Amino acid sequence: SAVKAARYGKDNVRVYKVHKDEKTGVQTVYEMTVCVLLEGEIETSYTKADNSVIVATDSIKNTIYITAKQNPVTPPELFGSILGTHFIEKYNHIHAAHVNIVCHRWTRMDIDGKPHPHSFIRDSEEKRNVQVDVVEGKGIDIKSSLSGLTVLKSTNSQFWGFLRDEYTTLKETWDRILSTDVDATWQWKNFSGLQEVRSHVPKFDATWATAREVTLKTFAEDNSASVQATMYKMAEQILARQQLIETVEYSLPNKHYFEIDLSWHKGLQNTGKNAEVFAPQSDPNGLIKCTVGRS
């Protein structure tokens, strides 16, 4: 036997960083969860019990803190590039670094119609993430994403015209609730190294804001023919707004809300046009994906 692939590192490293404007007295906090996995010439640690090739996972954790201390942690696409680049340049036998970052929301509180200087609130569980792969001699691959964005529209969603055969019991509908947890990923064109990533810095936050806005507007306005059709429209718009993106990927659960027939109880009418009370279903759920790129 032989080692076909190997990676190791530190997972679930929680990091918080505060920025203090001495001028204005305004404070800004950043909180994230970091994973860093390394690859290189480390086979002997597995095959020969040779630990000399191992950069201890505890040292990797130390390095994340130090890096966060000496560099900006935002935007995450930059911080992740700096962190991955560090491992491949510092260690001769390490040739790839895979860095995953999850940014948690800490939103400035508004007190009395005015932004508070140092108080924050977590508004929802929606995350902004980055996956950065830094490979010696192959540049920097970045995939940015937003996830945990949960939305629902109570009408203007349809589903009819689908295949019908002896396995089908689902009825066609012209009016239904559509609810989902949005997971959207945009993959950037490969970057030659850190200097190139630094040159595109302003595009990261703007592209994140754009993906979010397009996602929300398209969901709210589209008279949805299906989840498939609505998601393609979002992805089409994101690609058209940012040329440096190669592919957009969406992964959407269809969280079902079933009508409850109450007619067995005093002829109570609660179906079709009279539907008011529904039962949200925990499982199972439809799962719909699509990767859209440039023709």
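In this text, residue numbers run from 1 along the sequence as written.
Higher average CA B factor: 164 to 172, of the stretches 183 to 191 and 164 to 172. Look at the mean CA B-factor for 106 to 114 and for 132 to 140 in the entry; the higher one is 106 to 114. By the numbers in the PDB entry, the CA B factor is greatest at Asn223 among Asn223, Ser119, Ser147, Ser81. In the PDB entry, the Cα temperature factor peaks, among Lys10, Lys273, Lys17, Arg14, at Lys273.
Per the PDB record, residue ranking by Cα B-factor puts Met234 in the lowest third of the chain. For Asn92, the recorded CA temperature factor ranks within the highest third of the chain's modelled residues.
Sort the chain's modelled residues by C-alpha temperature factor and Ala6 lands in the middle third, per the entry.
Among all modelled residues in its chain, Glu77 ranks in the lowest third by Cα B-factor. Residue-level temperature factors show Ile101 in the lowest third of its chain, judged at the C-alpha atom.
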